[PDB]
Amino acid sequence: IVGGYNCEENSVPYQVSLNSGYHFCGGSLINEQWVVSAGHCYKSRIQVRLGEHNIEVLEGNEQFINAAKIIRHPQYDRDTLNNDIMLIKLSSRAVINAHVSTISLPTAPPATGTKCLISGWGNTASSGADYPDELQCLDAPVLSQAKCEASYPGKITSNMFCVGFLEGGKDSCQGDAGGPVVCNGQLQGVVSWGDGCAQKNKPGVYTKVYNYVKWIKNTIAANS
């Protein structure tokens, strides 16, 4: 998260870290056994880390739960990043408490101008590398489709949207993929891609969670 601030300790209780020996992506806990993340965060083995704030330090609230199933969207397209979404079923239930809880699924598509919170342990530098220990937060608005399209002509599908600032300086970055974009207590996005981080006229592109509601219901059902 470039241009963000330390989130208060455990103020984003739905945020997860995905770990393969080190933190590689984010995710969102959407029920006691399921996490949503991006498709390009796929790996065949993943440890899900919930209730984290500082990913370097065992604070005493963390639950470290293996991924029992890892189900990328079957029409995920590695070249265009269309359908950049993935579900992870945890091997056990997350213990819901004050540092770990779920975020609701969206009930309507993102609405332009809405102020959203984006979170992650990704790079905080727009050039070079400054990866933080503490979870980073950033307030940013949903951009119109016209702006999104002008920023990435021919590259935006109806499954993507843009959140951020055309003037640059504030954006999600490497290490933030899969994490949440949350607006008025609903999960509207998954950090997906962009041209650089925090560059002018290049806001982050985010997967449009609302479009995957049914797929998520059905995948959950078929694996319950």
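Residue numbers run from 1 along the displayed sequence.
**Student:** Highest mean C-alpha temperature factor of the two stretches 53 to 61 and 164 to 172, which is it?
**Tutor:** Per the PDB entry, the higher value belongs to 53 to 61.
**Student:** Look up the CA B-factors in the entry and say which stretch, 131 to 139 or 91 to 99, has the higher mean.
**Tutor:** Result: 91 to 99.
**Student:** Taking the Cα B-factors listed in the entry, which of 126, 82, 119, 151 comes out highest?
**Tutor:** Going by the entry's C-alpha B-factors, 126 comes out highest.
**Student:** From 202, 214, 208, 23, which pick has the Cα B-factor that tops the rest in the entry?
**Tutor:** Among 202, 214, 208, 23, the PDB entry lists the largest C-alpha B-factor for 214.
**Student:** Considering every modelled residue of the chain and its Cα B-factor in the PDB entry, is residue 29 in the lowest, middle or highest third?
**Tutor:** Middle third - that is where residue 29 ends up once the chain's C-alpha B-factors are sorted.
**Student:** Lowest, middle or highest third: where is residue 69 by Cα B-factor in its chain?
**Tutor:** Highest third, going by the recorded CA B-factors of the chain.
**Student:** In terms of the CA temperature factor given in the entry, to which third of its chain does residue 197 belong: lowest, middle or highest?
**Tutor:** For residue 197, whose C-alpha B-factor we compare with every modelled residue in the chain, the answer is the middle third.
**Student:** Among the modelled residues of its chain, does the C-alpha B-factor of residue 37 lie in the lowest, middle or highest third?
**Tutor:** Its C-alpha B-factor belongs to the lowest third of this chain's values.
**Student:** In terms of the CA temperature factor given in the entry, to which third of its chain does residue 184 belong: lowest, middle or highest?
**Tutor:** Highest third, going by the recorded CA B-factors of the chain.
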